[PDB]
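Protein chains in written order, with the entry's author numbering: chain C, 283 to 606, 625 to 779; chain D, 564 to 606, 625 to 704.
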Ligand SMILES: CCCCCCCC/C=C/CCCCCCCC(=O)O[C@@H](COC(=O)CCCCCCCCCCCCCCC)COP(=O)([O-])OCC[N+](C)(C)C
Ligand SMILES: CCCCCCCC/C=C/CCCCCCCC(=O)O[C@@H](COC(=O)CCCCCCCCCCCCCCC)COP(=O)([O-])OCC[N+](C)(C)C
Ligand SMILES: CCCCCCCC/C=C/CCCCCCCC(=O)O[C@@H](COC(=O)CCCCCCCCCCCCCCC)COP(=O)([O-])OCC[N+](C)(C)C
Ligand SMILES: CCCCCCCC/C=C/CCCCCCCC(=O)O[C@@H](COC(=O)CCCCCCCCCCCCCCC)COP(=O)([O-])OCC[N+](C)(C)C
Ligand SMILES: CCCCCCCC/C=C/CCCCCCCC(=O)O[C@@H](COC(=O)CCCCCCCCCCCCCCC)COP(=O)([O-])OCC[N+](C)(C)C
Ligand SMILES: CCCCCCCC/C=C\CCCCCCCC(=O)O[C@@H](COC(=O)CCCCCCCCCCCCCCC)COP(=O)([O-])OCC[N+](C)(C)C
Ligand SMILES: CCCCCCCC/C=C\CCCCCCCC(=O)O[C@@H](COC(=O)CCCCCCCCCCCCCCC)COP(=O)([O-])OCC[N+](C)(C)C
Ligand SMILES: C=C(C)[C@]12C[C@@H](C)[C@@]34O[C@](Cc5ccccc5)(O[C@@H]1[C@@H]3C=C(COC(=O)Cc1ccc(O)c(OC)c1)C[C@]1(O)C(=O)C(C)=C[C@@H]41)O2
Ligand code: NA
């Protein structure tokens with residue numbers, strides 16, 4: 283059509299994930315490929331693209347379609363003359379044990395739109411991105427890319443970053459207090475280590491600034507409501523604005539460089555919770571922070587700032603001048637601070653006596669403590685009790701995705717890893733295509749068992765079991 | 564009585580060893596920021630320039646004995662209060678109310694398991 287969709291595209295567009303719709307979509311999706319080969323065996327139906335350039339496999343991954351995705355990856359057409367359209371190939375079976383070759387042609391970072399890329403980089407307006415990492419050839423592919431060449435690099439990124447915050451702490455702790463900020467450099471062994479510690483701290487601050495600025499502009503354009511999806515990357519960019527903010531103030535002869543550097547230190551150590559994802563039980567703790575600093579704390583700090591600025595306007599209107625730790629509490633800033641201390645647990649009734657009408661002054665403080673210390677802070681605990689029960693299940697789904705983006709970004713950063721990114725490549729011969737040729741398609745492997753049924757298998761690639769680097773193919777193959 | 568002491572050995576290795584890593588990031592995060600601010604004597626009296634004292638003065642906000650304006654030897658009062666108010670909201674309001682919710686989930690899990698562990702610890 284005008285959009286570029288063909289028949290196999292439109293069956294994906296008209297899916298809506300319900301188990302009745304998954305039945306007759308994949309049934310009708312099956313019948314067209316076979317009938318495509320009977321009329322046109324020279325045609326390859328699923329290579330075709332629309333004007334966005336997506337294949338019907340990747341279109342099911344770009345949207346949230348899970349049943350159409352689980353079908354195409356686990357696709358075997360058992361009947362002969364149209365078996366080359368399969369994707370899941372069982373290789374041998376020895377009673378219970380059932381070994382299968384999944385296929386990795388369009389997926390696994392080989393092409394322009396691989397479904398491992400398109401799932402992870404999707405803008406979260408498409409649902410069920412977390413669900414689409416549960417299918418079988420993907421969920422054992424990311425787990426088996428982590429166990430070699432990515433666990434070694436991710437532990438090295440976390441070690442260099444911890445050597446960055448020890449240098450940037452110590453170079454800021456021992457800063458000169460003497461005078462105006464472009465400081466001369468004495469010939470000591472102390473000042474050589476310090477000005478080295480500053481140059482290694484600015485150059486780290488440029489690195490987080492450039493990887494920020496390619497994430498927003500050169501790749502991945504992002505709208506304003508998407509900054510709760512890209513939360514973990516926004517914090518590494520705000521840090522690099524303060525650290526480069528100090529270098530402007532440092533050479534502008536301004537003493538306010540210690541007001542921007544310090545917010546980079548406090549945000550520097552705090553962003554070390556970015557690396558505690560990729561660990562399972564640690565990672566569910568830091569997911570709940572980014573889900574409850576935008577949901578439960580931003581709602582609570584609106585209601586709390588109504589009550590605090592409600593009653594601390596009432597109290598300053600009461601208390602008069604000196605009238606006769626001493627301080628004039630007539631400022632609105634002091635009395636908004638003295639009523640914050642009731643929440644913190646350091647709460648001083650009778651903090652002043654410069655008022656008049658003692659009866660209404662105590663009633664205001666006692667109506668404040670019951671509203672704020674007794675009621676809201678015991679409602680916040682109950683509402684976090686409901687939120688943690690909800691995102692107990694969701695956070696396992698978000699953690700697997702936050703493991704997957706690490707694996708993709710490491711592959712894009714190295715060309716020699718891309719020739720090592722062929723996880724279980726093996727370039728295996730699988731079957732026989734039309735025009736009488738070998739298959740030669742990159743294939744993965746898996747193992748299962750079955751005991752409820754008797755495990756009857758119609759087609760088996762290798763008649764003789766096991767994988768000992770020597771096989772003989774079965775005569776079950778037609779050609 | 565025995566179901567009470569099983570929950571201690573299951574939550575001094577699971578819930579407290581995870582919490583005391585995140586808490587020691589925030590406490591050593593902000594108490595590095597504060598010592599970099601506060602300058603020398605410049606003119625309960627004490628020199629708060631040590632990292633040990635200021636890591637202790639920010640522990641006291643968790644314990645419920647929390648003194649804002651614990652020093653005045655700094656400069657830039659506006660950034661000193663913002664650091665303390667971003668600390669108290671992060672630590673006293675957010676994490677300690679997340680710890681109560683996460684112990685609420687753990688006790689519901691090991692309510693059933695602890696009857697099973699008690700019979701073994703009797704055996
Ligand atoms: C007194 C105390 C003693 C301590 C002495 C300290 C002196 C040494 C200090 C050194 C730190 C100074 C460098 C600053 C740059 C920042 C580095 C960084 O953290 O970024 C990355 C490093 O991963 C990389 O790819 C960059 C590698 C850095 C160059 C290596 C040279 C130093 C090696 C050192 C070891 C030599 C071993 C030799 C070989 C075995 C990791 O971060 P990221 O996760 O990629 O960024 C977030 C990504 N995100 C934005 C998408 C979320
Ligand atoms: C593994 C975990 C632990 C690791 C431990 C790591 C090392 C541990 C320790 C390390 C150093 C121990 C200190 C010895 C020297 C003390 C100096 C002194 O007494 O004079 C004075 C400094 O006045 C100066 O300007 C002199 C500068 C010399 C200090 C050396 C800088 C540190 C190295 C650069 C970084 C390395 C870069 C590496 C590059 C490759 C004393 O300073 P102050 O009175 O405290 O001023 C505070 C100012 N404030 C309160 C206003 C904020
Ligand atoms: C110069 C100073 C540099 C220091 C930093 C250099 C560090 C370099 C790297 C260090 C990495 C440490 C080695 C990890 C190797 C095994 C991984 C693993 O078992 O995965 C499991 C962890 O699952 C969890 O949730 C347990 C958490 C343990 C990891 C420790 C957290 C970070 C502490 C670090 C402190 C940083 C200090 C902060 C900054 C000073 C996940 O598998 P599972 O499904 O859960 O299976 C359960 C099996 N189990 C029973 C074993 C749990
Ligand atoms: C002088 C005047 C001061 C006040 C004017 C400033 C207000 C100007 C405008 C502000 C607009 C919001 C800015 C706050 C950032 C929060 C992020 C966000 O909104 O995205 C969240 C959208 O989900 C929601 O918005 C609903 C849940 C939070 C309610 C937001 C109310 C905050 C307004 C008062 C804030 C004051 C706090 C501090 C006060 C200083 C996404 O996070 P989530 O967890 O995925 O959402 C739940 C799931 N859900 C999408 C299915 C629903
Ligand atoms: C300067 C650098 C400082 C940091 C470097 C030190 C880190 C070096 C390495 C440390 C490795 C661990 C040592 C802590 C002892 C805990 C016991 C344990 O791990 O066994 C537990 C394994 O289960 C788990 O590990 C997952 C749940 C806890 C996560 C552990 C993170 C602690 C790392 C930060 C600790 C810092 C705390 C204090 C900070 C001073 C068994 O208990 P469980 O309840 O049966 O497990 C849950 C059930 N499960 C098995 C099914 C999952
Ligand atoms: C959890 C965090 C809390 C912790 C503490 C936070 C504390 C921060 C809270 C507040 C900031 C404190 C500073 C304010 C200034 C008061 C000081 C003073 O002396 O008064 C002065 C100003 O006079 C007034 O300010 C009158 C008050 C008008 C209130 C208008 C409401 C604003 C709506 C807001 C919506 C919020 C609603 C909430 C909904 C989200 C009078 O003196 P002056 O003579 O005019 O001086 C001028 C000198 N000159 C003439 C030479 C130029
Ligand atoms: C809940 C429990 C908390 C309760 C309180 C706990 C408090 C404990 C917290 C901390 C211990 C307190 C003691 C430290 C020493 C500071 C004192 C001082 O005066 O500075 C001195 C050292 O200078 C420095 O120490 C600079 C700071 C280096 C920071 C390096 C980061 C370490 C990473 C850690 C990873 C952790 C991250 C967390 C992740 C798990 C400067 O003075 P000097 O001149 O050098 O003196 C030498 C004299 N001489 C020259 C003759 C020999
Ligand atoms: C960019 C945002 C939205 C943000 C920037 C700063 C100012 C922040 O305050 C907030 C607002 C705020 C202020 C006070 C209390 C709660 C929230 O939340 C984060 C932001 C949030 C936190 C708390 O969250 C974290 O940093 C932990 C964290 C968890 C997961 C992550 O992936 C992560 O990034 C790696 C960081 C700590 C601060 O960054 C911090 O160090 C300081 C001084 C203030 C915190 O604004
Ligand atoms: Na108290």
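Cβ atoms here follow ideal geometry from the backbone N, Cα and C, with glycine treated the same way.
Checklist line | Beta-carbon neighbours of residue 575 of chain C, restricted to chain D and to distances below 9 Å | finding: Those within 9 Å of residue 575 of chain C in chain D are 671 and 675.
Check: Is the Cβ of residue 457 of chain C closer than 8 Å to any Cβ of chain D?
Finding: Answer yes: the Cβ-Cβ gap between residue 457 of chain C and chain D drops below 8 Å somewhere.
Check: Any idea if residue 744 of chain C is buried or exposed, counting beta-carbon neighbours within 10 angstroms, 16 or more meaning buried?
Finding: buried
Check: Any idea what DSSP makes of residue 396 of chain C, helix, strand or coil?
Finding: In the structure shown, residue 396 of chain C sits in coil (DSSP, three-state: anything other than H, G, I, E or B).
Notebook entry, point to check: According to DSSP, what are the bridge partners of residue 371 of chain C?
Noted result: Partner(s): C:383.
Checklist line | Beta-carbon proximity list for residue 599 of chain C, same chain, < 7 Å, skipping 5 on both sides | finding: none
Next item on the list: Could you list which residues in chain D have their beta carbon closer than 7 Å to that of residue 563 of chain C, in chain order?
Entry: 581
Note to self: So, with DSSP's three-state summary, where would you put residue 388 of chain C?
What the structure shows: coil
Item checked: For residue 746 of chain C, the three-state DSSP class (helix, strand or coil) -> strand
Next item on the list: Have a look at residue 596 of chain C and residue 664 of chain C and give me their C-alpha separation to the nearest angstrom.
Entry: 8 Å
Margin query: Does the beta-carbon of residue 640 of chain C, which I'm using as the reference point, lie nearer than 7 Å to any heavy atom of ligand 8?
Written below: no
Next item on the list: Take the Cβ of residue 505 of chain C as the centre, count every other Cβ of all protein chains shown within 10 Å, and call the residue buried at 16 or more, exposed below.
Entry: exposed
Next item on the list: Give the single residue among D:571, D:577 and D:591 whose Cα lies nearest to the Cα of residue 672 of chain D.
Entry: D:591
Check: Counting only beta-carbon atoms, is residue 414 of chain C nearer than 8 Å to chain D?
Finding: no
Next item on the list: Note down, in chain order, every chain D residue with its Cβ under 7 Å from the Cβ of residue 547 of chain C.
Entry: 595, 596 and 599
Next item on the list: Kindly indicate if chain D contains any beta-carbon less than 8 Å away from that of residue 451 of chain C.
Entry: yes
Next item on the list: Less than 8 Å between the CB atoms is what I'm expecting for residue 654 of chain C and residue 629 of chain C, so what's the real figure, rounded?
Entry: At roughly 7 Å, the Cβ-Cβ gap stays under 8 Å, so residue 654 of chain C and residue 629 of chain C are in contact.
Item checked: Cβ-Cβ distance between residue 574 of chain D and residue 684 of chain D below 8 Å -> yes
Next item on the list: Would you grab the beta carbon distance between residue 760 of chain C and residue 375 of chain C for me? Rounded to a whole angstrom, and I think it's under 8 Å.
Entry: 6 Å
Notebook entry, point to check: If the cut is a Cβ gap below 8 Å, which residues of chain D does residue 552 of chain C touch?
Noted result: Going along chain D in sequence order, the residues near residue 552 of chain C (Cβ under 8 Å) are 588, 589 and 592.
Next item on the list: Output, in sequence order along the chain, the residues in the region 688-708 of chain C whose CB is closer than 8 Å to any CB in chain D.
Entry: 688, 689 and 692
Item checked: Under 7 Å by beta carbon: chain C residues contacting residue 660 of chain D -> One finds 541 and 544 in chain C with Cβ atoms closer than 7 Å to the Cβ of residue 660 of chain D, taken in chain order.
Next item on the list: Report yes if the C-beta distance between residue 373 of chain C and residue 383 of chain C is below 8 Å; otherwise report no.
Entry: Yes, these two residues count as a Cβ contact at 8 Å.
Note to self: Within 10 Å of its beta-carbon, does residue 343 of chain C have 16 or more other beta-carbons around it, so buried, or fewer, so exposed?
What the structure shows: buried
Next item on the list: For chain D, find out if any of its Cβ atoms is closer than 8 Å to the Cβ of residue 437 of chain C; answer yes or no.
Entry: With its beta carbon at least 8 Å from every one in chain D, residue 437 of chain C lies outside the interface.
Check: What are the boundary residues of the alpha helix (DSSP H) that residue 651 of chain C is part of?
Finding: Unbroken run through residue 651 of chain C: none, as it is neither H nor E.
Margin query: Just to confirm the assignment, what range does the alpha helix (DSSP H) spanning residue 612 of chain C have?
Written below: Absent from the coordinates is residue 612 of chain C, which sits in the stretch where chain C moves from 606 straight to 625.
Notebook entry, point to check: Taking Cβ to Cβ, would you say residue 541 of chain C is nearer than 8 Å to residue 660 of chain D?
Noted result: yes
Check: Going along the region 510-533 of chain C in order, which residues come within less than 7 Å of chain D, judged by CB to CB distance?
Finding: Listed by position, the residues of the region 510-533 of chain C near chain D (Cβ gap below 7 Å) amount to none.
Notebook entry, point to check: To the nearest whole angstrom, what separates the beta carbons of residue 350 of chain C and residue 408 of chain C, a pair I think is in contact under 8 Å?
Noted result: In fact, because the Cβ distance is near 14 Å, the residues do not count as touching under 8 Å.
Next item on the list: Write down every uninterrupted run of the alpha helix (DSSP H) in the region 287-367 of chain C whose length is 4 residues or greater and which is fully enclosed by it, in chain order.
Entry: 289-295, 301-321, 338-344 and 349-355
Note to self: Is there a Cβ of chain C sitting closer than 8 Å to that of residue 686 of chain D, yes or no?
What the structure shows: yes
Note to self: To be precise: take each residue of the region 637-658 of chain C, compare its Cβ to all Cβ atoms of chain D, and keep it if any distance is under 9 Å. Which residues remain?
What the structure shows: 637, 640, 641, 643, 644, 645 and 646
Check: Under three-state DSSP, which class holds residue 437 of chain C?
Finding: The three-state secondary structure of residue 437 of chain C, taken from DSSP, is helix.
Next item on the list: Return the chain-ordered list of same chain residues with a C-beta closer than 7 Å to the C-beta of residue 521 of chain C, the five sequence neighbours on each side being excluded.
Entry: Cβ within range, chain order: 490, 546, 549, 550 and 553.
Note to self: For residue 465 of chain C and residue 678 of chain C, I'd like the C-alpha separation in whole angstroms.
What the structure shows: 52 Å
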